[PDB]
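Same protein, same chain, two forms; see structure 1 and structure 2 below, as structure tokens.
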Structure 1
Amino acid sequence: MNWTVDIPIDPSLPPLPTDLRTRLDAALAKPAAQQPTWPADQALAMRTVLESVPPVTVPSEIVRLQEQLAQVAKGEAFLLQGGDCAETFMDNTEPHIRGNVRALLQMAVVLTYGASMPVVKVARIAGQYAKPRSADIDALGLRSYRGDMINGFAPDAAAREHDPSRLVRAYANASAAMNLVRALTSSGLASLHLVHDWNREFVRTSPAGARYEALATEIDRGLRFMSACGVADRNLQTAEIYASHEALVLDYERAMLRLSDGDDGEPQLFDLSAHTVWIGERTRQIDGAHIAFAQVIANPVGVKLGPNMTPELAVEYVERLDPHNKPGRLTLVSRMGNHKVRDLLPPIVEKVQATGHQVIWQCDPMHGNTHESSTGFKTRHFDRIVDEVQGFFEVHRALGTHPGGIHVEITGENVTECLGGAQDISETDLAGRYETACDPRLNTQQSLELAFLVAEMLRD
């Protein structure tokens, strides 16, 4: 008579090493922004369960991504990151997951051709369950909705309480999703020829299909050249999609830390919640736990940069989070907004470039670009977004640095949460399918089209 079902929880594995634990305990002491307010005794319970479950990724996989990213940081691959703004447990379904990966790969092929160079594919998925808040109380006068990792989307005070059981529901969800994403991509869903076939079907039918035919045709034909050529095609059957989410909830993040075998190398501390995680704009304080936390772990990390960023602060990131000068170890993600990315960005890049360190310069053109529409709904303009990428490019091309890649919020559903692009979404259209639990994201059409427009940036 309560419409839900309580799943009961459980034999601890051996603790991490006293030496690393001291280094870790020392790190976590620093003030943590945006953490949830739930009781410590309870968190510790749930963390204890997390520390003994199977991890959503593994060290071999991540060191392997560190190498690929390395190659991006070196300007020889390009990085594509994308998926839901916020992942909601109710919607972590096979169809939704198929569609977001389908989307990511559809751009992947378009960006791959355009970039003329391998693309590294990272999904926002299997862990993007917590967000930062601005406001203590939301408009409905309720405690902020902080991501299903922390609380329910429903506007009922019960729903909103920070509930750390949610840490585990997070975990089961991310697993499930992860393990689908793997099956999907190891099976035919990331075939090049199929993913492309979806792309053709897009051109047949987008309003702006003209805009795209020419390039879509080159792609077909350069693909067909591959079989003309007889190059062994198995590598065309399967695509690697890594998993990323913002590391916000340190209890979950801390919970999922593990030591590597050490067989490949001396044992390191990694975060197995995900493959790479970033630190947001609100949690990035230099002297804070989040930056500290990113310091300890080996995963590739990223840090978001918005307008307040000062090249000197940039640098300090670089010296904190990339002390060893491992290229691609750290990514920095411009999110100025289109109007300011040209002015704001250049200095940063140069100050950072001067350092030594090679970092991925990745453009997030979504978080700088959000505005409320006359009709109620939070929104983003396709043009302003495109545009920021164009600016991001222009900044790097001018400075002779590498435009590492893009970070975007998209989905496979035909949502109407972003205005414009070939479908010409109108503020009224927005009511029809605003099914995002947070930031408005590029619909499957807007994502593709965006990747066409970015492909054309990459060939200039």
Structure 2
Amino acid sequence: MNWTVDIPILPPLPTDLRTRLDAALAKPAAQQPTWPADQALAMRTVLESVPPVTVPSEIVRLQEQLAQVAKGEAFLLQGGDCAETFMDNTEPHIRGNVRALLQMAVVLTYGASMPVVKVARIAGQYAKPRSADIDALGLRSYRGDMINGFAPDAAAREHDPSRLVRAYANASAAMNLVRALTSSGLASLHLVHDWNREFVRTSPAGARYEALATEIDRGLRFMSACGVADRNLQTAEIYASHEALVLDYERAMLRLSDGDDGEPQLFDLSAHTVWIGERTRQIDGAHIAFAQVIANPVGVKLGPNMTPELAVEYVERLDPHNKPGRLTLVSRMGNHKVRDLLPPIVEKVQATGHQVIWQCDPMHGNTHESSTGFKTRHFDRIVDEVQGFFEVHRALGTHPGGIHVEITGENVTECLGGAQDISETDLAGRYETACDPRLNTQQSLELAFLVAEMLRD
């Protein structure tokens, strides 16, 4: 059985915004679904009237907080599933990811001695690009639940535009629960840090992290001692992010803000912040041009073929007003390359006078296939890229601004290594990702401890 929505049957956009949005979407767009234009149209028309996932005042606030990051006064933690699935979009799963993020953020806040902006990969991370249209089984590749189905059969892999509305319903339900959890005792600092004390007790390398975990606990107790109750603390904010990949979905979720900011602007209200991937960041393509029309903070992924000149051109197109925190440059080069490739990019971009956020994505540049047949990543390479990234920035005198990690609160066996010493054979036990291998809950927390030590050095 299925549920059924009606196709609906405001004053138009300001003329200039229609023009610019049309011109952006007329450009070539890579990695798009291949479904009929008429059926896409119907689904976009449904989504043009739904309640938004986010609102403009939140995005404006995020932009403020990210400006602090870019100025060297805060740090950005971005993390969650590689690919959300409708099947796994449950309260236990969402809570776990929200918890894992909060757990990391408190460790990171302590180590950085500055605020941590928390951005989950959630409430929309339902689309992925692929280098191959045919996968290793000879099936049309799975592109995420917004496009087709994970099941390895041909009928499941057909692109289905009704997945756009299912995506939005899943996203909005998830966001609802994220808001509720963050305004609960879940986000209480003292609760979150007791979880961190259980980790130390039960990890095989818990002795290695005991001292920092105790220093944190002592820091929290000091706050309380000085007369700071929970009510004194601004409540926890977890923002929603995903890759802006499916332009039918992003364009349908655009909303025109008020002239309470001065000029009406387009905001993508599918999320607070979105990024553009390595396979869709064609400089004259639709995704970059779309990013130029929306008011949200944005990010661009930068891999090992990046040049300093092209990085500058992203800066100049996407932060044309010199607004710190509008743009995030995310670097994945792998651990064996970050120390050699990143510095020339950083130096050229810093010379422009613009202030981007420099964020490390350790995971994407460090993936291999195990002998047992699983797409995996070694924990030690993930840690080493972040280490290299910090070394780049320290030598320069620039700000290592944040990390972008794939994680879950589940005890998955997806990435090799960590204190639990996950082996190739262990991978088979709980390899649950619909896409890339995630740090499990313990490995994500171990990473935060390790990165906190980088911040303290």
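The first residue in the sequence of structure 1 is number 1, and each one after it adds one. Rigid core: the largest C-alpha set superposing within 1.5 Å between the two forms.
(message) Taking only shifts of 2 Å or more in Cα after a rigid core superposition between structures 1 and 2, tell me which of 218, 343, 197, 233 qualifies.
(response) With the rigid core superposed, the residue that stands out is 233.
(message) Using a rigid core superposition, assess whether residue 19 undergoes a CA shift of 2 Å or more between structures 1 and 2.
(response) Yes, the C-alpha moves 2 Å or more.
(request) Could the core-superposed CA displacement of residue 123 between structures 1 and 2 be given in angstrom, to one decimal? (result) Between its two positions, the C-alpha of residue 123 lies 0.1 Å apart after core fitting.
(request) Let me know the CA shift of residue 262 between structures 1 and 2 in Å, rounded to one decimal, core fitted. (result) Shift of residue 262 at C-alpha, rigid core superposed: 2.1 Å.
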